[PDB]
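Okay, so we've got a single protein chain in two different forms coming up as structure tokens, structure 1 first and structure 2 after it.
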Structure 1
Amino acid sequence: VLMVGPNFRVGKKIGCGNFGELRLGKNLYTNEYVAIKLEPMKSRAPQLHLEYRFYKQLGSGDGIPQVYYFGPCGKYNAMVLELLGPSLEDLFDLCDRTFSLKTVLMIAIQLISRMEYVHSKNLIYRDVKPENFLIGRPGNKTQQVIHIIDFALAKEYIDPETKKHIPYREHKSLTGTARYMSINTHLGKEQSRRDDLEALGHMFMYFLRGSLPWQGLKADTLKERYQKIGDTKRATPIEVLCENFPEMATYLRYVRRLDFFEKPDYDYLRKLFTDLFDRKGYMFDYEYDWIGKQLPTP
């Protein structure tokens, strides 16, 4: 209908993909634009309410969009959240699908921290991809901040009653994004903190190279395609994938070698990147490759 909750006017379909799942909204009470995620109540695979619950568990955080409302909107459930800027994928395309090392480091430094924050709230993310990292909007003074969105695939990796890390197990069906997922995800292993960080590594390399070497693989079934991609990830030495980027190689073999239950040393990983960053004479000034270009809106 026209409205979500007391005060959010539902506007136009925005973004690409979606199929009507994302709308511009306006808080009429505050004169502020918002994002409205819509999910048909009839959905055979509802994710929006579990996503909302993950956001509540995350709480208020750096680079975590504010969530304003969850509730019904006609024959949809709606989640009203902070309107953010373009995704890293949008911005990657805008920058001819390569980012400079400086840009990738400024992103990486933030997203290690972004991931550590998620992990500190007993969540694993499990959906790393450039599309789920958005800059803010100029209006919010957070346009420089890389935000993380899309927690539908997240999982509590610390059992809230037992306070124990989730058990190791396998034969987990593959669903996520094949391109960035960890080698262990490919093998059907339960994802843990290491996997979010490894997927980050892959994405970092994607940004630096402009592509990953398993990116073009096709198969008659999803399972075969996941298999071939995982096979290629296993067959591609880190040294080769991360040629010219030794710290990336170091990051990637460290996160690859993490035990299932292990707390990553986020400090260590950040320091690999901030040491490199300083060594290259980069200044952390948020002058990303896309700055000065014509960004998509909202």
Structure 2
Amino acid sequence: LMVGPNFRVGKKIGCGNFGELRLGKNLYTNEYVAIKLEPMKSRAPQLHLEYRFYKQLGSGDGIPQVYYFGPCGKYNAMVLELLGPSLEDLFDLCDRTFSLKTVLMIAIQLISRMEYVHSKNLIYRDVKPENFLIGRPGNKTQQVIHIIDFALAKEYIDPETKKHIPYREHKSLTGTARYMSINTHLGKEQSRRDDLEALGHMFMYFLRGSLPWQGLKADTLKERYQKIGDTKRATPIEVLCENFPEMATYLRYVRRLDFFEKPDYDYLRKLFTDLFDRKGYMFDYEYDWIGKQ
């Protein structure tokens, strides 16, 4: 099982949106890589569109490099830069709470990461801790929070018109229920606001250890999502964000954005960098997980 001229496929490492994950090696360069495989027989093929989105991003900071897309036996394969553990993995290592300092270092970076994605005319639509990975150990980039898995992304600027996509409502909801915006639950088309709201939910998950809508079950997926959305609507921001005034300010701001509105990314960063400085924290990448296995 080679992918392309030069990538050897090795052991299983994980799962993502519309594909499975192996360690690989570029034999020509003696460098390890990650390989996502999607069965060619897939009823709902997502890997090639994902490849196109990575190419549209180029590389910015925290964007994994993509090396190859092509067939591999009965699979389509995409070869990516190998990264380190996800924020969910690191959260588990840290007993499922992060310090304010760690959350702020994450948040400052991910506001910028999302601004970059939005600058390439994409919305992300799959915010979750499993999709944010540090770099590799002893790598120049173990400190950097990367974004992966663009299978659910969407162009929000139509390349034909150069205009923002129109507002509309949808039957099917995109993304992870725990983090999605309130408007996502209501079947609205997602836009830039929704990515930033989902980040806010994720930040609060890290600070609190959990979100209050986590334990909800139902007989249908639709009912489950409805109950989660209902709890999000029913939970005041001042309650969710007790003890974190700046998070309350962030969440209120993003929840109140118009569908078409460009977020004030500078404002949101400044909420958090002003807080960071006021607390006497140093931006030294000494996250909670440093010095753990």
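Shifts are known only where both forms have a C-alpha. Throughout, residue numbering runs from 1 along the sequence of structure 1. Throughout, rigid core stands for the largest set of C-alpha atoms superposing within 1.5 Å between the two forms.
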Looking between structure 1 and structure 2 after fitting on the rigid core, I'd like to know which of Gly216, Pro167, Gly188, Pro138 has a C-alpha displacement of 2 Å or more.
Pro138
Can a Cα shift of no less than 2 Å be assigned to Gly281 between structure 1 and structure 2, given superposition on the rigid core?
no
Please check if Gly15 moves between structure 1 and structure 2, taking a CA shift of 2 Å or more relative to the superposed core as movement.
yes
After superposing on the core, C-alpha shift for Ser60 between structure 1 and structure 2 in angstrom
1.2
With the two forms aligned on the rigid core, where do runs of 3 or more residues move by 2 angstroms or more at the CA atoms between structure 1 and structure 2?
15 to 20, 138 to 140
